[PDB]
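Okay, here we've got a single chain as C-alpha cells, the form deposited in one PDB entry, with questions on binding and movement later.
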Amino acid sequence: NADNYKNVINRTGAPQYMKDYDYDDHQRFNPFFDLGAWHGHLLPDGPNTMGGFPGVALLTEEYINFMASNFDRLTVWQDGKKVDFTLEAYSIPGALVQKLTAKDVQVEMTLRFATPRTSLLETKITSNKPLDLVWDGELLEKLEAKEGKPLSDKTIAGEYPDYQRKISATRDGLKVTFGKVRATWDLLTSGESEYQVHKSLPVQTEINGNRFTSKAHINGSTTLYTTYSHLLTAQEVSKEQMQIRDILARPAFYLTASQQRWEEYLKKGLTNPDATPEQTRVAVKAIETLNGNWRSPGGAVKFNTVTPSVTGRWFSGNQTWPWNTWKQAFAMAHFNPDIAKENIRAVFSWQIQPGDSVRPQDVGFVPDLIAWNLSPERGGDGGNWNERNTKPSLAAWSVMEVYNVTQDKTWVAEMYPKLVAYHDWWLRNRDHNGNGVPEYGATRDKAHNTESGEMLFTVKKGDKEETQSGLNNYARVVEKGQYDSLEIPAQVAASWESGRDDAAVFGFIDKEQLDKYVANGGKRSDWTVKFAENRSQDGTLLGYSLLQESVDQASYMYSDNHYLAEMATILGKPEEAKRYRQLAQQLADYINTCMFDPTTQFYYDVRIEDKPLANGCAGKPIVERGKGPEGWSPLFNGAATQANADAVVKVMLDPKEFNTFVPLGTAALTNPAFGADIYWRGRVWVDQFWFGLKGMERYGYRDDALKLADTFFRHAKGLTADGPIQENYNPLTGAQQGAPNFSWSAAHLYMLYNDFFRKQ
C-alpha cells in the first residue's frame, strides 16, 4: 500500500530559476509527474511554500523548464486574521500530500493526476466558522543557476523576448499564455501552449504583472477541487476543456482511478518476499522514477514512451532511445506492462520503411533518438532527432519479457516483423566483411559525408584544422599519422551506436595512461580503431563500420536470433525458427572460437585485420586494450560454453580484476586505460552489473551473484537514502554520478530487487 512508502525520493524544493541546474546541468529538484503528463509538481519545504505545491515544471516538448516557485498557494484568514499553520508534506507512490494543522482550521491537500495533460488537486478544508481563502502565485524571472548559485544575471524575458508570458483571469480561475519560442537546445513552445487553472468554486482574481492574488469565501468545512493543465497545442487546449468539466463533476472517480492504478503497480511490482524493507523501498524508488519518465503521445511521437530522465538536460521531453528503452521495458513489464509495450512501439514507430524519402537504403533501421520535433530533413525544426546511428539491440529480449509476463500471443505477432526487419538491417548495413558477425557503425548522413558519398573528416594539429573527404585520403592520413587528433563524424557516431562514449575497447585513453602503456612495451598504434565503409553490390553506400567486431554486439546478436527463434515457434513458423537457431549457433561458434583468449581466460573484441585468420576469425582478440564488461556479455546472452564461462567468472570474482568495493565496473583494475571516476573506463553501471549477475547465474554461479548483490547493496552510495537514482558508481569509493532519475538504473535496480537482493 502507498502509505507505507512516504518520501522515497526527496521531492521538496522552491525553484528560483527556469534552469535551476545542478553541477551537470540537470534540474536539481525531483517533480512529481504521472500518467505521461507534461507538467509536474514539487512539495513545499517550509513557511514560504506551505499551502501550495511549488515548482511548476513544464515539459516544453523536449526539455524541462520551471515556470513558477509559488503558484496557487493557499493561505487562510478568519476575521481578518491570518491562520498560522504547521506543515507536514510528503510524497507517496502516485501522489503528493500536505497537511496544514491549526487550532480552529485544518487543511488536507492531495494532488494526483487525472489525464495525460491535467493534474488534480483536492483541497479539504475543515472549519467550524466561515473563512476567507487567498491563493497567490508568481512566475519566475531569473534564467539560470548551478547548485543554487546564479550563472548570470540573465532574465527569462530578456533571453526570450517572444515568450511574452501573460497571466490572464478566466470564468473559473486563471491561465498562463506562452508565445512561440524555438530555442532548439533550451526551450520549445508552439505559440499556443498554456498552463490552465480551473476551480470548483467562483473566485475573484487580481493580476499584477507576473504575479496574481485570488480570493473566495466559504461558510465552513468544504472540499474544493482544482485542475492544473499544461497544454502544448491549440488542439490540446480545446480538447481538454471537456475533460476538465468531467473531472470537477466527478473528482472521486479520478482520485480513485489513480489511487487504484498505483496500488496495482505496487502489487504487481513487489514480488520478492526475501527482500528486506530497505530493498523493497529501493524497488519502489525505481517504480516511481520509471513512471515519472513516462510521457504520453506528444508531437511526432504517436505513442506513450519513456525517457532516460525527465529532469535530465538532454533526456527530457519525450526524447526516446532504443537502448535504454529495451532495459526500461524489460523492467516495466513486471509492473506497468501497458506502458512498457508502448515504449517499445514508440521506438519502432519510426523504423525505416521501403521508399523512405531520407534513407531508403536503411530499411529496418531504428533511429538513435526520436522526439517531439522531427529533424529539418523530415519537416520539423528539431535539433535532437538523430539517424546518424542506432544503438545496441536487445529488442527481442525486451519484447520477450513482456510476453513472459503477460502471455499475449498477439503482442508477439505485432512485434515479430518489426524485429525481423531490424535484424536484417544489421546484416545488410553493419557487416563490412560479409562474415555474419556485426560491427558497430554509422549511417549515411549530412554530417558523415558529401553528396557523392565521400566520407568527411577533420585533421587537427596544434591550432590547425583541415577538413577533407574520402576513404582514400583517410587511409593515407592515418598511415602518416601526423596529427594530434582526427575527428570523423561517422566514427564519432559509432561510439554512440556502441552504447559507450569514452570506452577503452574503442581506443580512448588519456596521455598519462597511454605513456605508461608504451613504457610497458606497447605501441601507440594498438589504440587506433580503423574505420571503413559499407557498400552494396550495386556500389550504393549503406553506412560505415568500425574495423573491429565487438563481443557484446555479437552476443546481443545471439540473443536476437535466440529470441526470434522462440517468437517464431510461438507464431507457428517452424522453418523461420530453424534458420534463427542456426544463425545463433554460428554466432556462439564465432564468439567462443574467435573472441575468447585462453591465455588471460576472458572474452574480447576482435580487429578486422587486413586479412582474416586460418580459423575464419576477422582478427585476434584485442587483449592488449584490457578487460571490460563486454567480456561477460557472452555469459549473459548465453553464447558462452560452460568452460569459457567458468573462466570468466574466475576473473569477475577476482579482487584484482572486477571484484572491487562496488563490483563489475566498466573496466578491470588491470585495464591500461582504467580510471575509477571515468564513466566507461572504470565506473559501475547497474545494467552491466546485472548483465553480469544474470550471466554468472545462467552458468551455475547463483550463490556468487547473491554475494556480489549484497556487496553492491552495502557499498553503493545512497542506495537507501532519499536521493534520486543516478547513472553510475566509482568502483573504489561508491560515489554516485550522472543524471538524477536515470531510468535504466531504475530499470535494473528494480531487477536487482526482483532477482538478487535478499535478507542477509
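Note that residue numbering begins at 1 and tracks the sequence as displayed. What we label the rigid core is the largest C-alpha set whose atoms superpose within 1.5 Å from one form to the other.
Taking only CA atoms, the mean B-factor in the PDB entry is higher for 478-486 than for the other of 416-424 and 478-486. For the segment pair 113-121 and 166-174, the entry gives 166-174 the higher mean B-factor, averaged over Cα atoms.
Highest CA B-factor among the listed residues (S258, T600, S152, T305): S152.
Set against one another, the Cα B-factors of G298, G453, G383, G441 in the record reach their highest point at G453. Among the modelled residues of its chain, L732 has a C-alpha B-factor that falls in the lowest third according to the deposited record.
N48: CA B factor in the highest third of modelled residues in this chain (values from the PDB entry).
In the deposited entry, the Cα temperature factor of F457 places it in the highest third of its chain's modelled residues. In this PDB entry, the Cα temperature factor of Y21 sits in the middle third of its chain's modelled residues. Placement of the Cα temperature factor of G209 within the chain: highest third of the modelled residues, per the deposited record.
Although it is not shown, the form deposited in another entry is what the next lines describe.
Large C-alpha shift between the shown form and the other one, rigid core held fixed: of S127, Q351, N449, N659, this applies to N449 alone, with a displacement of 2 Å or more.
Relative to the superposed rigid core, the position of the CA of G191 differs between the shown form and the other one by less than 2 Å. Annotation for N534: C-alpha shift under 2 angstroms between the shown form and the other one, rigid core superposed.
After superposition on the rigid core, the Cα atom of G462 is displaced by 2 Å or more between the shown form and the other one.
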